[PDB]
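protein-v4.txt follows; it contains compact mmCIF, C-alpha atoms.
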```txt
# COMPACT_ATOMS: atom_id res chain seq x y z
CA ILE A 6 -29.48 -19.23 -27.52
CA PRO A 7 -29.53 -22.21 -25.17
CA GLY A 8 -27.97 -21.71 -21.75
CA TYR A 9 -27.87 -17.95 -22.33
CA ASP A 10 -29.33 -16.65 -19.06
CA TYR A 11 -29.02 -12.87 -19.26
CA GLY A 12 -31.87 -11.64 -17.07
CA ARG A 13 -32.35 -14.95 -15.23
CA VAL A 14 -29.24 -15.03 -13.04
CA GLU A 15 -29.19 -14.80 -9.27
CA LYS A 16 -27.89 -11.87 -7.26
CA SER A 17 -24.11 -12.01 -7.36
CA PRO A 18 -22.54 -11.63 -3.89
CA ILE A 19 -20.90 -8.38 -5.01
CA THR A 20 -22.52 -5.11 -3.95
CA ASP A 21 -23.48 -2.42 -6.44
CA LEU A 22 -21.03 -0.01 -4.82
CA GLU A 23 -18.23 -2.58 -5.10
CA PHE A 24 -19.24 -2.97 -8.74
CA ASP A 25 -19.35 0.81 -9.17
CA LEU A 26 -15.81 1.07 -7.81
CA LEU A 27 -14.58 -1.66 -10.15
CA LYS A 28 -15.87 0.26 -13.18
CA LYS A 29 -14.08 3.31 -11.75
CA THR A 30 -10.79 1.50 -11.19
CA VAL A 31 -10.94 0.50 -14.87
CA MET A 32 -11.98 4.10 -15.70
CA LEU A 33 -15.23 3.02 -17.41
CA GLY A 34 -17.07 6.32 -17.78
CA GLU A 35 -19.94 7.75 -19.80
CA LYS A 36 -17.57 8.33 -22.73
CA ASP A 37 -16.76 4.61 -22.73
CA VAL A 38 -20.41 3.58 -22.32
CA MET A 39 -21.08 5.57 -25.50
CA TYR A 40 -18.04 4.18 -27.33
CA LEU A 41 -19.16 0.67 -26.36
CA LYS A 42 -22.56 1.25 -27.97
CA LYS A 43 -20.65 2.69 -30.93
CA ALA A 44 -18.62 -0.52 -31.19
CA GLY A 45 -21.89 -2.46 -30.90
CA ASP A 46 -23.16 -0.69 -34.01
CA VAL A 47 -19.80 -1.57 -35.56
CA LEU A 48 -19.54 -5.23 -34.47
CA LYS A 49 -23.16 -6.44 -34.51
CA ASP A 50 -22.86 -7.81 -38.06
CA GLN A 51 -19.24 -9.01 -37.87
CA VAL A 52 -19.97 -11.26 -34.87
CA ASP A 53 -19.60 -14.47 -36.88
CA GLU A 54 -16.42 -13.09 -38.45
CA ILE A 55 -15.09 -12.38 -34.95
CA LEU A 56 -16.13 -15.79 -33.65
CA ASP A 57 -14.15 -17.78 -36.27
CA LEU A 58 -11.01 -16.56 -34.50
CA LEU A 59 -12.15 -17.29 -30.93
CA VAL A 60 -14.45 -20.34 -30.58
CA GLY A 61 -16.16 -22.86 -32.82
CA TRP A 62 -15.82 -26.21 -34.53
CA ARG A 63 -14.72 -24.31 -37.68
CA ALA A 64 -13.08 -21.42 -35.83
CA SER A 65 -9.58 -22.02 -34.48
CA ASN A 66 -9.12 -22.06 -30.68
CA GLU A 67 -5.57 -22.45 -29.40
CA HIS A 68 -4.38 -25.00 -26.83
CA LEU A 69 -7.17 -23.60 -24.63
CA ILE A 70 -9.54 -25.83 -26.63
CA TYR A 71 -8.59 -28.45 -24.02
CA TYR A 72 -11.04 -26.73 -21.66
CA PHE A 73 -13.67 -27.23 -24.38
CA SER A 74 -12.80 -30.94 -24.45
CA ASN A 75 -13.35 -34.12 -22.48
CA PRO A 76 -10.65 -34.28 -19.77
CA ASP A 77 -10.42 -38.09 -19.73
CA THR A 78 -9.94 -38.36 -23.50
CA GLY A 79 -8.78 -34.86 -24.49
CA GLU A 80 -11.59 -34.88 -27.04
CA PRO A 81 -12.99 -31.49 -28.15
CA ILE A 82 -16.72 -31.49 -27.45
CA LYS A 83 -18.46 -30.00 -30.51
CA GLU A 84 -21.85 -29.11 -29.03
CA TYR A 85 -19.91 -27.76 -26.07
CA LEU A 86 -18.02 -25.58 -28.55
CA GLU A 87 -21.15 -24.74 -30.57
CA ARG A 88 -23.37 -23.69 -27.66
CA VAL A 89 -20.63 -21.56 -26.09
CA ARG A 90 -19.91 -20.02 -29.50
CA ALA A 91 -23.53 -18.85 -29.68
CA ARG A 92 -23.50 -17.60 -26.08
CA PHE A 93 -20.13 -15.93 -26.65
CA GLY A 94 -21.38 -14.46 -29.93
CA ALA A 95 -24.21 -12.83 -28.00
CA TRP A 96 -21.85 -11.66 -25.25
CA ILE A 97 -19.93 -9.58 -27.81
CA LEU A 98 -23.07 -7.51 -28.30
CA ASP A 99 -23.88 -7.65 -24.58
CA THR A 100 -20.45 -6.17 -23.85
CA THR A 101 -21.19 -3.33 -26.29
CA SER A 102 -24.95 -2.65 -26.11
CA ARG A 103 -26.03 -3.61 -22.59
CA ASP A 104 -26.04 -1.16 -19.71
CA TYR A 105 -23.51 -2.06 -17.02
CA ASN A 106 -26.11 -2.28 -14.27
CA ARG A 107 -26.82 -5.00 -11.70
CA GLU A 108 -28.35 -7.32 -14.32
CA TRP A 109 -25.12 -6.93 -16.30
CA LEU A 110 -22.94 -7.41 -13.23
CA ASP A 111 -24.95 -10.48 -12.21
CA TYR A 112 -24.55 -12.07 -15.65
CA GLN A 113 -20.81 -11.41 -15.70
CA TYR A 114 -20.68 -13.22 -12.35
CA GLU A 115 -22.59 -15.99 -14.13
CA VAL A 116 -19.97 -16.16 -16.89
CA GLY A 117 -17.29 -16.25 -14.20
CA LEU A 118 -19.00 -19.15 -12.45
CA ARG A 119 -19.21 -20.97 -15.81
CA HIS A 120 -15.41 -20.92 -16.02
CA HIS A 121 -15.07 -21.95 -12.37
CA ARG A 122 -15.49 -25.51 -11.14
CA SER A 123 -18.75 -24.26 -9.61
CA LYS A 124 -20.63 -24.49 -12.91
CA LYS A 125 -18.35 -25.33 -15.88
CA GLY A 126 -20.10 -27.77 -18.19
CA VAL A 127 -23.37 -27.56 -16.23
CA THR A 128 -24.89 -25.04 -18.66
CA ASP A 129 -24.46 -27.53 -21.52
CA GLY A 130 -24.81 -30.84 -19.69
CA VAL A 131 -21.31 -31.71 -20.94
CA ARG A 132 -18.70 -33.72 -19.06
CA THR A 133 -15.61 -31.57 -19.61
CA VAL A 134 -12.61 -30.08 -17.83
CA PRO A 135 -14.15 -29.15 -14.47
CA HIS A 136 -12.35 -25.85 -13.94
CA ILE A 137 -10.43 -23.22 -15.90
CA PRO A 138 -7.34 -21.96 -14.02
CA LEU A 139 -7.69 -18.33 -13.00
CA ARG A 140 -4.23 -17.64 -14.46
CA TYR A 141 -5.58 -18.28 -17.96
CA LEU A 142 -8.71 -16.19 -17.40
CA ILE A 143 -6.46 -13.26 -16.52
CA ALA A 144 -4.02 -14.19 -19.30
CA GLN A 145 -6.98 -14.26 -21.71
CA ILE A 146 -7.58 -10.56 -20.94
CA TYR A 147 -5.05 -9.51 -23.60
CA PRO A 148 -5.90 -11.70 -26.65
CA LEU A 149 -9.64 -11.15 -26.31
CA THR A 150 -9.09 -7.38 -26.23
CA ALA A 151 -6.58 -7.28 -29.09
CA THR A 152 -8.71 -9.40 -31.44
CA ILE A 153 -11.52 -6.83 -31.50
CA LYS A 154 -9.32 -3.86 -32.49
CA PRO A 155 -9.05 -4.77 -36.22
CA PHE A 156 -12.82 -5.24 -36.30
CA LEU A 157 -13.80 -1.79 -35.06
CA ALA A 158 -11.63 -0.38 -37.90
CA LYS A 159 -14.60 -0.15 -40.28
CA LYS A 160 -16.35 3.10 -41.41
CA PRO A 164 -8.39 7.09 -34.71
CA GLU A 165 -10.16 8.32 -31.56
CA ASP A 166 -13.36 6.44 -32.40
CA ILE A 167 -11.37 3.24 -32.90
CA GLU A 168 -9.33 4.10 -29.79
CA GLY A 169 -12.45 4.95 -27.79
CA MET A 170 -14.25 1.76 -28.80
CA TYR A 171 -11.05 -0.23 -28.22
CA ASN A 172 -10.25 1.16 -24.77
CA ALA A 173 -13.82 0.71 -23.52
CA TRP A 174 -13.87 -2.93 -24.65
CA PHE A 175 -10.44 -3.28 -23.03
CA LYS A 176 -12.01 -1.76 -19.92
CA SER A 177 -14.91 -4.22 -20.08
CA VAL A 178 -12.69 -7.24 -20.78
CA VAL A 179 -10.72 -6.34 -17.65
CA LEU A 180 -13.80 -5.48 -15.57
CA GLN A 181 -15.69 -8.79 -15.90
CA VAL A 182 -12.56 -10.87 -15.31
CA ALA A 183 -12.04 -8.78 -12.18
CA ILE A 184 -15.53 -9.91 -11.19
CA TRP A 185 -14.87 -13.48 -12.37
CA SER A 186 -11.98 -13.77 -9.92
CA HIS A 187 -14.25 -13.78 -6.85
CA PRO A 188 -15.26 -17.49 -7.08
CA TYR A 189 -11.59 -18.36 -7.56
CA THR A 190 -10.43 -15.95 -4.87
CA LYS A 191 -10.25 -16.63 -1.13
CA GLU A 192 -13.05 -15.15 1.01
CA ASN A 193 -11.58 -11.79 2.07
CA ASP A 194 -8.93 -11.68 -0.64
CA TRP A 195 -10.98 -10.62 -3.67
CA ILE B 6 16.54 1.15 -3.86
CA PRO B 7 15.55 -0.45 -0.55
CA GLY B 8 13.38 -3.55 -0.75
CA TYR B 9 14.06 -3.91 -4.49
CA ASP B 10 15.06 -7.59 -4.70
CA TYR B 11 15.09 -8.53 -8.39
CA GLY B 12 17.61 -11.36 -8.42
CA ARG B 13 17.41 -11.85 -4.64
CA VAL B 14 13.93 -13.38 -4.26
CA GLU B 15 12.99 -16.99 -3.56
CA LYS B 16 11.61 -19.50 -6.07
CA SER B 17 7.95 -18.87 -6.82
CA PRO B 18 5.76 -21.99 -6.54
CA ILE B 19 5.09 -21.72 -10.28
CA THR B 20 6.91 -24.09 -12.60
CA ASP B 21 8.86 -22.81 -15.59
CA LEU B 22 6.49 -24.57 -18.01
CA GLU B 23 3.47 -23.10 -16.22
CA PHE B 24 5.18 -19.73 -16.64
CA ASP B 25 6.19 -20.58 -20.22
CA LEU B 26 2.61 -21.41 -21.20
CA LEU B 27 1.35 -18.37 -19.31
CA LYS B 28 3.65 -16.33 -21.53
CA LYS B 29 2.03 -18.02 -24.52
CA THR B 30 -1.55 -17.51 -23.33
CA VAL B 31 -0.75 -13.78 -23.24
CA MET B 32 0.90 -14.25 -26.68
CA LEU B 33 4.19 -12.71 -25.49
CA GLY B 34 6.66 -13.74 -28.19
CA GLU B 35 10.11 -12.77 -29.39
CA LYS B 36 8.63 -9.86 -31.35
CA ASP B 37 7.22 -8.53 -28.08
CA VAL B 38 10.52 -9.13 -26.26
CA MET B 39 12.06 -6.91 -28.93
CA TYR B 40 9.31 -4.28 -28.69
CA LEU B 41 9.59 -4.44 -24.89
CA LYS B 42 13.37 -4.03 -24.99
CA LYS B 43 12.73 -1.30 -27.57
CA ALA B 44 10.26 0.34 -25.17
CA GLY B 45 13.03 0.42 -22.56
CA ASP B 46 14.98 2.81 -24.76
CA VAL B 47 11.75 4.80 -25.12
CA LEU B 48 10.84 4.88 -21.41
CA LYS B 49 14.28 4.99 -19.75
CA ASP B 50 14.28 8.80 -19.51
CA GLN B 51 10.53 9.37 -19.05
CA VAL B 52 10.35 7.26 -15.86
CA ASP B 53 9.96 10.31 -13.62
CA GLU B 54 7.11 11.62 -15.77
CA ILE B 55 5.51 8.16 -15.62
CA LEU B 56 6.11 7.70 -11.89
CA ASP B 57 4.46 11.03 -11.05
CA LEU B 58 1.37 9.66 -12.84
CA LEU B 59 1.17 6.41 -10.88
CA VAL B 60 2.91 6.65 -7.48
CA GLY B 61 4.49 9.33 -5.33
CA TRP B 62 3.97 11.87 -2.60
CA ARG B 63 3.00 14.34 -5.35
CA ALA B 64 1.04 11.79 -7.40
CA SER B 65 -2.67 11.11 -7.11
CA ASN B 66 -4.26 7.68 -7.06
CA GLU B 67 -7.90 8.14 -6.09
CA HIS B 68 -8.93 5.61 -3.51
CA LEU B 69 -5.77 3.65 -4.45
CA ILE B 70 -3.88 5.94 -2.06
CA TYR B 71 -5.84 4.24 0.73
CA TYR B 72 -3.80 1.07 0.17
CA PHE B 73 -0.74 3.34 0.48
CA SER B 74 -2.11 4.72 3.76
CA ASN B 75 -2.49 3.77 7.41
CA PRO B 76 -5.73 1.79 7.86
CA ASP B 77 -6.63 3.29 11.25
CA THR B 78 -6.27 6.92 10.14
CA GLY B 79 -6.51 6.73 6.34
CA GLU B 80 -3.33 8.79 6.27
CA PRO B 81 -1.01 8.30 3.27
CA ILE B 82 2.42 7.16 4.42
CA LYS B 83 5.14 9.33 2.89
CA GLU B 84 7.97 6.81 3.29
CA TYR B 85 5.69 4.11 1.87
CA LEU B 86 4.87 6.19 -1.20
CA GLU B 87 8.46 7.24 -1.92
CA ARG B 88 10.05 3.81 -1.47
CA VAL B 89 7.49 2.09 -3.70
CA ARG B 90 7.75 4.86 -6.30
CA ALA B 91 11.46 4.10 -6.68
CA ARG B 92 10.73 0.37 -6.90
CA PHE B 93 7.97 1.13 -9.40
CA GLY B 94 10.42 3.26 -11.36
CA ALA B 95 12.71 0.24 -11.63
CA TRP B 96 9.84 -2.07 -12.59
CA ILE B 97 9.07 0.16 -15.57
CA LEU B 98 12.50 -0.65 -16.99
CA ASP B 99 12.35 -4.22 -15.66
CA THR B 100 9.11 -4.65 -17.61
CA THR B 101 10.88 -3.48 -20.77
CA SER B 102 14.56 -4.48 -20.62
CA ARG B 103 14.75 -7.61 -18.45
CA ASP B 104 14.44 -11.09 -19.91
CA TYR B 105 11.25 -12.82 -18.74
CA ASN B 106 13.04 -15.86 -17.33
CA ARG B 107 12.74 -17.64 -13.97
CA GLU B 108 14.63 -14.86 -12.19
CA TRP B 109 12.05 -12.49 -13.70
CA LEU B 110 9.08 -14.70 -12.82
CA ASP B 111 10.23 -15.07 -9.21
CA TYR B 112 10.35 -11.31 -8.69
CA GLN B 113 6.94 -10.84 -10.29
CA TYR B 114 5.70 -13.38 -7.75
CA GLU B 115 7.41 -11.24 -5.11
CA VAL B 116 5.59 -8.09 -6.26
CA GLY B 117 2.32 -10.03 -6.11
CA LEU B 118 3.04 -11.16 -2.56
CA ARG B 119 3.81 -7.54 -1.65
CA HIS B 120 0.29 -6.64 -2.74
CA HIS B 121 -1.11 -9.67 -0.90
CA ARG B 122 -1.43 -9.66 2.87
CA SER B 123 1.47 -12.14 2.91
CA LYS B 124 4.05 -9.35 2.54
CA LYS B 125 2.36 -5.94 2.05
CA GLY B 126 4.01 -3.32 4.24
CA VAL B 127 6.69 -5.76 5.43
CA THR B 128 9.19 -4.71 2.74
CA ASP B 129 9.10 -1.13 4.06
CA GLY B 130 8.37 -1.87 7.72
CA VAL B 131 5.22 0.22 7.40
CA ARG B 132 1.93 -0.34 9.23
CA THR B 133 -0.55 0.03 6.38
CA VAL B 134 -3.63 -1.56 4.83
CA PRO B 135 -2.64 -5.24 5.08
CA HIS B 136 -3.97 -6.40 1.72
CA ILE B 137 -4.92 -5.15 -1.74
CA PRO B 138 -8.06 -6.86 -3.13
CA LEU B 139 -7.27 -8.84 -6.29
CA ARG B 140 -10.27 -7.25 -8.01
CA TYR B 141 -8.35 -3.97 -8.14
CA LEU B 142 -5.11 -5.69 -9.18
CA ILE B 143 -6.95 -7.05 -12.22
CA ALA B 144 -8.89 -3.79 -12.64
CA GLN B 145 -5.53 -1.98 -12.60
CA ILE B 146 -4.48 -3.91 -15.73
CA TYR B 147 -6.12 -1.27 -17.93
CA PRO B 148 -4.90 2.01 -16.35
CA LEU B 149 -1.31 0.83 -15.97
CA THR B 150 -1.37 -0.38 -19.58
CA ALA B 151 -3.13 2.67 -21.07
CA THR B 152 -0.89 5.24 -19.36
CA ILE B 153 2.20 3.98 -21.21
CA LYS B 154 0.85 4.72 -24.71
CA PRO B 155 1.36 8.54 -24.71
CA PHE B 156 4.90 8.12 -23.37
CA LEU B 157 5.91 5.50 -26.00
CA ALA B 158 5.16 8.00 -28.81
CA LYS B 159 8.57 9.40 -29.78
CA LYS B 160 12.02 7.71 -29.49
CA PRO B 164 2.43 3.46 -35.51
CA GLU B 165 3.34 -0.25 -35.46
CA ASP B 166 6.42 0.33 -33.30
CA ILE B 167 4.40 2.13 -30.63
CA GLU B 168 1.60 -0.39 -31.21
CA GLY B 169 4.09 -3.21 -30.76
CA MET B 170 5.58 -1.71 -27.60
CA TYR B 171 2.09 -0.95 -26.25
CA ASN B 172 0.65 -4.41 -26.89
CA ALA B 173 3.76 -6.03 -25.40
CA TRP B 174 3.46 -3.77 -22.35
CA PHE B 175 -0.22 -4.75 -22.21
CA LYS B 176 0.90 -8.39 -22.45
CA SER B 177 3.39 -7.82 -19.63
CA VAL B 178 0.86 -6.09 -17.37
CA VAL B 179 -1.59 -8.96 -17.89
CA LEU B 180 0.97 -11.75 -17.51
CA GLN B 181 2.32 -10.10 -14.34
CA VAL B 182 -1.13 -9.97 -12.71
CA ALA B 183 -1.92 -13.64 -13.52
CA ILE B 184 1.07 -14.71 -11.38
CA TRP B 185 0.06 -12.19 -8.73
CA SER B 186 -3.29 -13.97 -8.46
CA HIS B 187 -1.77 -17.27 -7.25
CA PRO B 188 -1.25 -16.18 -3.60
CA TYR B 189 -4.75 -14.70 -3.74
CA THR B 190 -6.36 -17.61 -5.60
CA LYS B 191 -7.85 -20.60 -3.80
CA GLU B 192 -5.60 -23.68 -3.61
CA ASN B 193 -6.57 -25.48 -6.83
CA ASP B 194 -8.16 -22.53 -8.66
CA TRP B 195 -5.16 -20.64 -10.06
```
If you took the structure in this file and wrote it as structure tokens, what would it be?
Amino acid sequence: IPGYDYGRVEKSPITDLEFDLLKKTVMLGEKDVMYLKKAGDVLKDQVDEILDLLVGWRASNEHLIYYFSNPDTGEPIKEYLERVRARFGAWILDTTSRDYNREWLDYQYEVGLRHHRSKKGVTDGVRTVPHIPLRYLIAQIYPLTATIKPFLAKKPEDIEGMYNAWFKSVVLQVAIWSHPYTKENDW
Amino acid sequence: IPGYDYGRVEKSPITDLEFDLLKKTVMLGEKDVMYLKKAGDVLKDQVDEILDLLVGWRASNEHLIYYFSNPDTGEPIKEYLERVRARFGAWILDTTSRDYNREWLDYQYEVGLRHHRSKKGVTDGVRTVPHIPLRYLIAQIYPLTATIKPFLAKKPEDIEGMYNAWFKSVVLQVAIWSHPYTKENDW
């Protein structure tokens, strides 16, 4: 998966304790860590069927596809959409299967930088919209949590446990992603 | 309710369209407006049992009480916790019953400034922790969304509709709150 740099990212300027307290604010506990790995066993094979709702040339993508497009021409960039689709398709399983350690925290900071003007488009060598407004990143917290709920419904509390933990993770990384957008001592 | 200024706040530096498309990014539609206004009939009488979960002199909030406390002594301020609890009790019904128009958006921007160092503690004349880090504001999206689900039970899809719409409201409220925190051109 080109551009996918899980395990090759630099040390995010967020301390492990600060990260530990973010997972606590979102109430991400051992029960959720288990439920996440349970959703990973549930969603590993439906990844492509999840993706067709979220990103791709044959998926859908709402008006947010503009940030997948050339800003001068408003032209959706296909390989931009294809390479992010693959990276995003792997992130679904990384959100469920990977341990939320420093290497996870550092990669989430990577994903946050890739939405920021600090690195957007650089991963794919694409000339695109330079920066995604933080308001939409936070606004995206809901749809990208609610889309997964029908998927974990395969084979109550299991579907609620897997749902809440993903909800917790979808919040948690965006809370990390805010730091590049946020003023120095404001994050 | 002292300091409660819904309808008395200044114009947020967010345009109506920017707000209107923020409401779409969170997918808050007329069906949610109904479920929200339906949730108001569900939550109007359980406010005290919700408030005691989230804010109060007899409510617990982990390290979140620190931001309700004096920074020099770490001592929770009673008048701070009671005056915000009342305002929070009104926001529960404002989240459900009030129309999400400009007058609504401006007060949400007010609540965000009251978490920011721009206005925190000023509303209540209290000397407190000057600023709440945005990372916890976003992290708080989950707990303050997930607590409402058990209350919305009495008076499936109805409680799912009210819950998702509440989730949508908690997210959309935080995205506006980020603007005072977010760097100039990053929100």
Exercise for review: Would you work out the distance separating CA of residue 100 (chain B) from CA of residue 38 (chain B), expressed in Å to one decimal?
Suggested key: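 CA of residue 38 (chain B) lies 9.8 Å from CA of residue 100 (chain B).
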Review point. What would the list of residues within 12 Å of (0.3, -11.6, -10.6) (file frame) look like as an MDAnalysis selection string, if only C-alpha atoms are what count?
Key: (chainID A and resid 139:141 143:144) or (chainID B and resid 17 19 24 27 110:121 139:143 145:146 177:190 195)
Residue subset to file, keeping C-alpha atoms, as a short mmCIF file (atom, residue, chain, number, x, y, z; two decimals), keeping the file's coordinate frame:
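So the final result, stored in selection_21.cif, reads:
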```cif
data_model
loop_
_atom_site.label_atom_id
_atom_site.label_comp_id
_atom_site.auth_asym_id
_atom_site.auth_seq_id
_atom_site.Cartn_x
_atom_site.Cartn_y
_atom_site.Cartn_z
CA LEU A 139 -7.69 -18.33 -13.00
CA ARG A 140 -4.23 -17.64 -14.46
CA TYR A 141 -5.58 -18.28 -17.96
CA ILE A 143 -6.46 -13.26 -16.52
CA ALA A 144 -4.02 -14.19 -19.30
CA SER B 17 7.95 -18.87 -6.82
CA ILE B 19 5.09 -21.72 -10.28
CA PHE B 24 5.18 -19.73 -16.64
CA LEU B 27 1.35 -18.37 -19.31
CA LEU B 110 9.08 -14.70 -12.82
CA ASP B 111 10.23 -15.07 -9.21
CA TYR B 112 10.35 -11.31 -8.69
CA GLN B 113 6.94 -10.84 -10.29
CA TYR B 114 5.70 -13.38 -7.75
CA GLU B 115 7.41 -11.24 -5.11
CA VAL B 116 5.59 -8.09 -6.26
CA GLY B 117 2.32 -10.03 -6.11
CA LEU B 118 3.04 -11.16 -2.56
CA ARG B 119 3.81 -7.54 -1.65
CA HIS B 120 0.29 -6.64 -2.74
CA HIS B 121 -1.11 -9.67 -0.90
CA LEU B 139 -7.27 -8.84 -6.29
CA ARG B 140 -10.27 -7.25 -8.01
CA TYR B 141 -8.35 -3.97 -8.14
CA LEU B 142 -5.11 -5.69 -9.18
CA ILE B 143 -6.95 -7.05 -12.22
CA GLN B 145 -5.53 -1.98 -12.60
CA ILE B 146 -4.48 -3.91 -15.73
CA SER B 177 3.39 -7.82 -19.63
CA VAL B 178 0.86 -6.09 -17.37
CA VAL B 179 -1.59 -8.96 -17.89
CA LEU B 180 0.97 -11.75 -17.51
CA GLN B 181 2.32 -10.10 -14.34
CA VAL B 182 -1.13 -9.97 -12.71
CA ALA B 183 -1.92 -13.64 -13.52
CA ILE B 184 1.07 -14.71 -11.38
CA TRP B 185 0.06 -12.19 -8.73
CA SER B 186 -3.29 -13.97 -8.46
CA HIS B 187 -1.77 -17.27 -7.25
CA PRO B 188 -1.25 -16.18 -3.60
CA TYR B 189 -4.75 -14.70 -3.74
CA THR B 190 -6.36 -17.61 -5.60
CA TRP B 195 -5.16 -20.64 -10.06
#
```
8 Å per side around region 152-170 of chain A: axis-aligned box centre and edge lengths, as JSON:
```
{"center_x": -12.4, "center_y": -0.5, "center_z": -34.6, "size_x": 24.0, "size_y": 33.7, "size_z": 29.6}
```
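Counting all atoms listed in the file, the residue from A:90, A:12, A:79, A:106 that sits nearest to residue 58 (chain A) is A:90.
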Revision key, fill the gap. note - CA of residue 88 (chain A) and CA of residue 7 (chain A) are separated by 6.8 Å
Practice item. Tell me which of A:59, A:82, A:33, A:89 sits closest to residue 9 (chain A), counting all atoms listed in the file. Key: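 So, comparing all the options, the nearest one is A:89.
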Practice item. For residue 108 (chain B), work out the shell of residues within 9 Å, counting only C-alpha atoms and skipping chain neighbours fewer than 6 positions away, then give it as an MDAnalysis selection string. Key: chainID B and resid 11:14 16
Practice item. Find the residues around region 156-165 of chain B up to 8 Å (all atoms listed in the file counted), leave out those fewer than 3 positions away in its own chain, and share them as a list in words. Key: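 Near neighbours after the sequence-gap exclusion: residues 44, 46, 47, 48, 51, 55, 152, 153, 168, 169, 170 and 171 of chain B.
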Check your understanding: Between CA of residue 94 (chain B) and CA of residue 53 (chain B), what is the distance, to one decimal in Å?
Key ->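 It comes out at 7.4 Å.
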Point to revise | Top pick for closest residue to residue 129 (chain A), considering A:71, A:62, A:85, A:147 and counting all atoms listed in the file | key: A:85
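The residue that comes closest to residue 86 (chain A), out of A:103, A:60, A:155, A:72 and on the basis of only C-alpha atoms, is A:60.
Using only C-alpha atoms for every distance, the candidate list B:167, B:149, B:64, B:56 yields B:149 as the residue closest to chain A.
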Practice item. Determine the nearest neighbour of chain B from the options A:84, A:57, A:23, A:15, counting only C-alpha atoms. Key: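 Checking each candidate against chain B, we get A:23 as the closest.
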